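Have a look below at one chain only, the form deposited in one PDB entry, in structure tokens format.
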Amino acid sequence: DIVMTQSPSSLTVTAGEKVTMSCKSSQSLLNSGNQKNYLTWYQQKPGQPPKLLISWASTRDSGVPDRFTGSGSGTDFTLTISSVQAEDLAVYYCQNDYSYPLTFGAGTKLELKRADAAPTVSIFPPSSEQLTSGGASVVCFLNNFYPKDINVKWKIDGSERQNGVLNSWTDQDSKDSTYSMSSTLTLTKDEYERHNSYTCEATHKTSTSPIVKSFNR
């Protein structure tokens, strides 16, 4: 089986810069007959199917912009993206199209770098529908921040709460290159009604004093 090795596996650029990513095959993909290289480049945005980019190493499909350029021959191939847009945030796969089985590479994930953005923090008490149903969940939204790393701290009446907390980060936004994470504090409805103050504190490198959002009921 033909093995495809893509490097680098991860990559971070600012918007508008030229980027290059490699893709090497364990055996040659050039058919000496037609002198074609049977390599195919794919683009897969988060949450979407893969999209055809380049066929035969260098031939762009219809609709693919001029920014995407494939080159190389034999066993070494390169996909060049000049003037990277925020919408180019995706994972780029190269595929062996020479013989069966058809094999893909691990994929080069293109990440984007932008200016630092502070999180927009909004906390939500458990809804009346959830309390009536018998549950209690406290949700904290940390939207449109950058860099990616961020810590959330839950406190109940001044005491930090750790158990019952589950975090979840978005993929990078394809229009403003920001990140978002959600913090959900799950307690029993009894446990929730025996306390009054609930705060989720977002500490982010954009500040030293955290961003605090609180409510009371």
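In this text, residue numbers run from 1 along the sequence as written. For clarity, a rigid core is taken as the largest C-alpha set superposing within 1.5 Å between two forms. Only residues modelled in both forms are compared.
Asker: Quick one: higher average CA temperature factor, 50-58 or 183-191?
Answerer: On average, C-alpha B-factors are higher across 183-191.
Asker: Comparing average C-alpha B factors as deposited, tell me which of 112-120 and 95-103 sits higher.
Answerer: If you average the C-alpha B-factors of 112-120 and of 95-103, the larger mean comes out for 112-120.
Asker: Going by the deposited entry, which of 170, 177, 151, 44 has the highest CA temperature factor?
Answerer: Top of the list by C-alpha B-factor: 151.
Asker: Considering only modelled residues of the same chain, in which third does the CA B-factor of residue 69 rank: lowest, middle or highest?
Answerer: Middle third, going by the recorded CA B-factors of the chain.
Asker: Grab the CA temperature factor for residue 166 from the record and place it in the lowest, middle or highest third of its chain.
Answerer: Middle third of the chain for residue 166's C-alpha B-factor.
Not pictured, yet referred to below: the form deposited in another entry.
Asker: Which residue in 78, 83, 73, 133 stands out, with a C-alpha shift of 2 Å or more between this form and the one not shown when both forms are set on the rigid core?
Answerer: Everything else stays below 2 Å; the exception is 133.
Asker: Please identify, after superposing on the rigid core, every run of 3 or more consecutive residues whose C-alpha atoms all shift by 2 Å or more between this form and the one not shown, listing them in sequence order.
Answerer: In sequence order there is one run that relocates between this form and the one not shown, which is 127-135.
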